[PDB]
Amino acid sequence: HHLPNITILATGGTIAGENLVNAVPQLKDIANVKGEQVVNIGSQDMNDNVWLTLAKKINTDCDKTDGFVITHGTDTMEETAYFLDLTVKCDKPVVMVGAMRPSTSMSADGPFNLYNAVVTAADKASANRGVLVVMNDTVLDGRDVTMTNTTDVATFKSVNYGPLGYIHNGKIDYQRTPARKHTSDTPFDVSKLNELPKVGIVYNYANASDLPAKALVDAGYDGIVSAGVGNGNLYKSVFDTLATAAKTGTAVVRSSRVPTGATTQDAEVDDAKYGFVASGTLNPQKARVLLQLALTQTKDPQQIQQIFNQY
Amino acid sequence: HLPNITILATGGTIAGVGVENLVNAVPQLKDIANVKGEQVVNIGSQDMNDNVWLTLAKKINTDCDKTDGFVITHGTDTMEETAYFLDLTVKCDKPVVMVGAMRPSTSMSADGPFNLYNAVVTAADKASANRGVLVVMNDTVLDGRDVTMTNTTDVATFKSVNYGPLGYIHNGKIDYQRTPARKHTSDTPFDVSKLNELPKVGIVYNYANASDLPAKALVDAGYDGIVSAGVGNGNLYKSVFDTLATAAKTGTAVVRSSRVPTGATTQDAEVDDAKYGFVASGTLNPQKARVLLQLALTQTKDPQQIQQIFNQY
Amino acid sequence: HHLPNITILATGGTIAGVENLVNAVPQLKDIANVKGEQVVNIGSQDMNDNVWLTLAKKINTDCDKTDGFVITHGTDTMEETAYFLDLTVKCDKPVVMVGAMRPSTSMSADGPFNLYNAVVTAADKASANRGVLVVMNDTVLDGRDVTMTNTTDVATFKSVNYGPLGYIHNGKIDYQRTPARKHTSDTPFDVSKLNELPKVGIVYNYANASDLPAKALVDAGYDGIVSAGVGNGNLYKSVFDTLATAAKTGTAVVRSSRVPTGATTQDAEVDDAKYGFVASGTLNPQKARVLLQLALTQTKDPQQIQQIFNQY
Amino acid sequence: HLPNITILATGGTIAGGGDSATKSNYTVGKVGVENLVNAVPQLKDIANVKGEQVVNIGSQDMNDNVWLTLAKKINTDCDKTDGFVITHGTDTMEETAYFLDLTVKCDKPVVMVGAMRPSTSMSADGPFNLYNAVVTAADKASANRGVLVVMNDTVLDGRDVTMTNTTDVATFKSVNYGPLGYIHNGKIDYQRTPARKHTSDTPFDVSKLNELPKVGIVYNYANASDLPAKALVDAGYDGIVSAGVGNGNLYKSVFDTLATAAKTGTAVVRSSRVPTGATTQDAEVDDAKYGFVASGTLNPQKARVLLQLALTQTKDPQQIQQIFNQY
Ligand SMILES: N[C@@H](CC(=O)O)C(=O)O
Ligand SMILES: N[C@@H](CC(=O)O)C(=O)O
Ligand SMILES: N[C@@H](CC(=O)O)C(=O)O
Ligand SMILES: N[C@@H](CC(=O)O)C(=O)O
């Protein structure tokens, strides 16, 4: 039927626990689909190498297909999506999808999710909107998308800025696109990288130990993202250790444990004074993604901050 | 006749200044209560700690028959943790209401004044008793267990994001339609009156390619318990998993919670808690699971007994 | 095996689009001894008073013959029927409503698992004395506060003001809330001998609203009118005037709100006592209609109706 | 150096007042524009403000005349100023905003603002709301984003913005597609812009109009009476918008009346009483068969705005559906 060619890159996850494609015979109505297995892991075990493989795969295979769907565990899909959002140079739709219920359960969500991810990958209007996550009839941008609930099939939301489009009857009404620079408009280029800078996450809370921050420091980590309290604030011991790290060759990004809203400049922390960077709307795991990539370009906290204001 | 209400002041943006100052800026408190202020500490709640926790519980318990209710003025950033600590440790049967402010007192449309007003309204309402320790923010009565910050700056940030609020405040009156089922205050076995420290519990975060070095550092330091902020339904990165499995075998209490802001970390999912001796946190977020785990550790070190605690409180 | 006896009363809805509903979910036999009866077979957009009277009477009459009930229903008005049953069911055992947002033949159709979970809830001894319930997307919701939030989302049903009662995981429920308002055997509404309910209609407010709907309901002698008001139950001027007239010439007038969350309060911009109006509080216009209809079976007096709206 | 900002005042609770800081009771549109401006002396740090009283009412009484007046004044005064703020009641702000979104041709920012607490209330929300509205109207980045609503530190597009709560200061949300930007320390980080066509990309021109087509709204629910629909039909309404159940469905009696109406000279639009999500084509109602139009994400009161303006161009239900799909 003059249909597009869509490539599925499989990484594992609950959606996949070749016969994945076969369980959605209706895919034949909308695309000529071909699958490849890149890895087969639970996304709780997602890592830098898988990321690099995947960006490299998409970038080199871009001209052989019309669109990509990546099948992926839900738990870290939001990280993978932002990492691809920043490192993919291919102009064609790249769509991640997962399932909250196993494939063998009652009212399993994966089949229709897969169908809708292919719809989205096949839609010429999906191009130039960056890397996308399609979950529960909704097209979500790679940067803002996050999990909101541990088990709900509707868990994926773009909690700060909203979704891009809703899918009804195999058609999308797009009403938004992300303003922040993505894909071809980023300076990030991992084509020749076999590793990424080391970036770890420390949590803040009443009476918080400095021992985690200390441990990352002791190991020579290139960057530390703080999951701060409220508007990216730090427990006094963690503050002291990160203040030292920032002046001793470690990039420090203030983010927040709070699920929505920006960690802003000009609030209780003098970031200029400490050599810190404020993560804006990027949650701790998102901020790690961008901090890693920023570190491949620069160690300068003021250039890092600018990166955090543009990507 | 108006109620005697005691404000225990701890600092926070609501104060940023002594407690006398706070009370005198909201003269309308004179129409609903006889307010007395005591300064307990004066800190940003980012610097909240176990010694202040223990001070507050002890104070409230000791001065319970001196007053008709308590309001605790507090920073927002960690209010949700103090409220839960107090919810499990206070034995006083009179209302205990925590408040703060998302905007500085000097700010245009500062939220602090009406927030404090409504906190006193709540503390003064007889209907407020026996509902546990409460947080009052943005015209809403929230329970200390479920209440959490939802946004970094929004005045409406405080929400009980899994089971909802208790009541809404309009024209100085509350319409309560909910009370928390989990055991609280005088129905808990937790008693901190003779404690001068709490057991040591830290929180580690999970994410892609997560370092095991945070968890190992806590283990090396002999931490009594570790709370994991897992991915999805409390899952762990493979390295972190290995580290905590080993720790649990030698007697560290390990609690699986989630970085995901709503919903339960369940038993009977991808992790065989029984096999590993882990505890599942239910709807308790990592900071809240810490509060409960520290208290559970004052009663037992047995993970099945800690799990029953996590199922009842 | 020693399983509870659970009755499915079928009313139609996309979940059906009884005997073959039950057969579609074999896993039911693991949790309940299930039997179905067809009550009606309609899309819930055509839900009506006569079906509500039939359901209430049936549950009340058949209460001793079963351990609990699941009511399969369309999604569009399930929130209405749920609150009607909440106020009229005298049976003490669980009554759980369930529907499906996706057609039964669609990919990832939600009906099978929803129904599984509705039987789980009906079977749970802990579900008793919580009022009539709606079970949708793994969540147990109370009949008073439950409403649609989205036109098509499988997660649409939420208790938007006070939250859910429990969450369902692996066939078990962790309940942490129960509705304070009075329900079921604690209400005085008794529909057992009623062949009809009082006429209550709903008018919508907006900029430049016409009084012509309100005037039509008054002209026809309606027993009450619910206003879907703007903001905190406010009324377009011409609508205000017509409802004021109606309030003093027999018609009970409830101010509710078009706005999806929050109470319509007393003591804002409208002096309800002066006009003889009743504030709906957290009841949305379709829910306020249900309560107003039932109030009007007990009293026409606006203070007593306000008291009912403060208690149920 | 500072921009020129015009405040066109309409009333609302933002200019309302009560008998005490602490009682909820208040009255709307007493206080004049000048009193609001003088309560925010910080305005002086960010704009040269000029205020004009257009009307002084509760937005509950907003109407087609006030809309027409506002649109004509903004289009007429566009070169006199760097941007406009319209102070307005909250209850129908979402309607005026979308009306203006479709009819204003001026290509400078037009920002609407209210308050959920009156000026006399403890922790009154108006003054900071006003300040942030002016910051929004002053920001060169706010241009070419349509008409805006600024409430609780958030910039919202006129089309999607709506009230979600009867009393919460945080009530205004863009419930389907989200906000455009958040305001912190007098600055906006814009991340979105509405895709649907607005202002100078719409064919709607009300400059010569003194009245708009008559369009009413009927609610759906169990046992719905057909009497409200019939009343609108007997008066010769130009259009009727149904606030449907679920995905724009209609109670059988209402369906029967509106079926007649669509083929007997009345435009009918299916919307939904459900607060978020689209009323779609290709669900349970064959719109083509019945001559109906589906509202998409437009709620009943927003769908009335677009239908009224659509009726100024066309009576053809196919053309009206094309309009609901573009604007
Ligand atoms: N642990 C699974 C969860 C899921 O896919 O639902 C994953 O991330 O791989
Ligand atoms: N950092 C402050 C924030 C506030 O109170 O708004 C605190 O938590 O103490
Ligand atoms: N119109 C159907 C919708 C559904 O059940 O999903 C009904 O309410 O009966
Ligand atoms: N009824 C008032 C409500 C408010 O503005 O808060 C108005 O819309 O004018």
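## Structural notes on the interface of chain C and chain D
Think of interface size as the accessible area that goes away when the parts come together; that is how it is often given. On the side of chain D, 52 residues touch chain C, which itself brings 51 residues to the contact. For the pair chain C and chain D, the summed buried surface comes to about 4,400 Å²; carbon and sulfur atoms form 54% of the total. When the buried area of chain C at its contact with chain D is split by residue, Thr151(C), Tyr204(C) and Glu269(C) rank highest and sum to 15% of it. Connecting chain C to chain D are four salt bridges. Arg258(C) is the partner of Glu94(D) in a salt bridge, and the nearest nitrogen-oxygen pair spans 3.9 Å. Linking chain C to chain D there are 35 residue pairs in polar contact. The set of elements that each furnish at least two residues to the side of chain C that touches chain D consists of helix 2 (49–62), helix 3 (78–88), strand 11 (200–204), helix 5 (212–219) and helix 8 (285–298) of chain C. Taken together, the residues of the side of chain C that touches chain D sort by class into 22 nonpolar, 19 polar and 10 charged.

## Details of the site of ligand 3
Within the structure, ligand 3 sits among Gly13(C), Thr14(C), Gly43(C), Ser44(C), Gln45(C), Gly74(C), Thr75(C), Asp76(C), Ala100(C), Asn249(D) and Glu284(D). Each of chains C and D places residues next to ligand 3. One of the side-chain N or O atoms of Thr75(C) is found 2.8 Å from an oxygen atom in ligand 3. Taking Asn249(D), its side chain carries an N or O atom lying 3.4 Å from a nitrogen atom of ligand 3. Burial of ligand 3 by the protein chains amounts to 95% of its free accessible area of 270 Å². The class makeup of the residues in the shell around ligand 3 is one nonpolar, eight polar and two charged.

## Some thoughts on the UniProt feature "binding site: substrate" in chain A
On the UniProt side, "binding site: substrate" is annotated at positions that read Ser43(A), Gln44(A), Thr74(A) and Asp75(A) here. The greatest C-alpha distance among the annotated residues, which extend across 33 residues, is 8.7 Å, indicating that they converge on a single site. Structurally, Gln44(A) is set in the loop between strand 2 (32–41) and helix 2 (48–61). Overall, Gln44(A) belongs to the buried group, its relative accessible area being 13%. Leave out the neighbours within four places in its chain, and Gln44(A) touches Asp75(A), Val231(B), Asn235(B), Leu236(B), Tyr237(B), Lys238(B) and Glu270(B). By secondary structure assignment, the location of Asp75(A) is in the loop between strand 3 (68–71) and helix 3 (77–87). Of the residues examined, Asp75(A) reaches a relative accessible area of 6% and is grouped as buried. Every residue in contact with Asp75(A), bar those within four places of it in the chain, is listed here: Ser43(A), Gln44(A), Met147(A), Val231(B), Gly232(B), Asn233(B), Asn235(B), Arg259(B) and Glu270(B).

## Regarding the state of the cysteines
Residues and elements named next belong to chain A. As enumerated under the stated definition, the model contains four disulfides over all chains in all. With a sulfur-sulfur separation of 2.1 Å, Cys62 is cross-linked through a disulfide to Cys90. Its torsion about the S-S bond being 75 degrees, the disulfide of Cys62 and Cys90 is classed as right-handed. With a gap of 28 residues between them, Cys62 in the loop between helix 2 and strand 3 and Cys90 in the loop between helix 3 and strand 4 (94–97) connect regions that are remote in the sequence. Residue class for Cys62 comes out buried when judged on its relative accessible area of 12%.

## Quick notes on the sheet that holds strand 1 (residues 4–11) of chain D
All names here are of chain D. In space, the eight strands of this open sheet follow the order 2-1-3-4-5-6-9-10, with mixed pairing throughout. Two strands lie at the open edges of the sheet, namely strand 2 (48–57) and strand 10 (187–190), each paired on one side alone. For this sheet the average axis-to-axis angle between neighbouring strands, irrespective of direction, equals 25 degrees. Taken together, the two bridges between strand 6 (residues 154–157) and strand 9 (residues 181–184) define a ladder with antiparallel strand orientation. Opposite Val155, over in strand 9, you have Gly181 as the bridge partner. Sheet strands touched by helix 2 (residues 64–77): strand 1, strand 2, strand 3 (83–87) and strand 4 (110–113). Its angle to strand 2, the strand with the most contacts, is close to 160 degrees.

## Brief notes about the environment of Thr297(D)
Within the secondary structure layout, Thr297(D) lies in the loop between strand 14 (292–294) and helix 8 (300–311). Along the chain, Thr297(D) and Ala267(D) lie 30 residues apart, while their C-alpha atoms are 18 Å from each other. Once you skip the residues sitting within four places of it in the chain, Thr297(D) turns out to touch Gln175(A), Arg159(D), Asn176(D), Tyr177(D), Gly277(D) and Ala278(D).

## Details of the environment of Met48(B)
For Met48(B), the location among the structural elements is in the loop between strand 2 (34–43) and helix 2 (50–63). Other than its neighbours up to four places away in sequence, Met48(B) contacts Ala206(A), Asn207(A), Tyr235(A), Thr10(B), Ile43(B), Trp53(B), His74(B), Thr78(B) and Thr82(B).

## Overview of unusual backbone geometry
All names here are of chain B. Although it is not a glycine, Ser109 adopts a positive phi angle of roughly 50 degrees. Secondary-structure assignment places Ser109 in the loop between strand 4 (96–99) and helix 4 (112–124). Note on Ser109: relative accessible area 9%, which makes it buried. The residue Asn171 is not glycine, and still its phi comes out positive at about 50 degrees. Inspection of the secondary structure puts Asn171 in the loop between strand 9 (167–170) and strand 10 (173–176).

What counts and how
- Residues numbered from 1 in each chain as written, not as in the entry; some residues may be left out.
- Chains lettered and ligands numbered in written order.
- Heavy atoms only, no water.
- Contact = heavy atoms within 4.5 Å.
- Buried area = accessible area lost by both parts, 1.4 Å probe.
- Salt bridge = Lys/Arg side-chain N within 4 Å of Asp/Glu carboxyl O.
- Polar contact = N/O pair within 3.5 Å; in protein donor to acceptor, adjacent residues only side chain to side chain.
- Helix = DSSP H or I, 4+ residues; strand = E, 2+ residues; numbered from the N terminus.
- Nonpolar A, V, L, I, M, F, W, Y, C, P; charged D, E, K, R; others polar.
- Near = heavy atom within 4 Å.
- Areas by Shrake-Rupley, 256 points an atom, 1.4 Å probe, with all protein chains shown as cover.
- UniProt positions renumbered as here; feature names shortened; annotations may be inferred.
- Buried < 20%, exposed > 50% of the residue type's maximum accessible area, 1.4 Å probe, protein only.
- Disulfide = S-S within 2.5 Å.
- Pairing = 2+ DSSP bridges.
- Axes fitted to C-alpha atoms, helices over the stretch in contact; angles between N-to-C directions.

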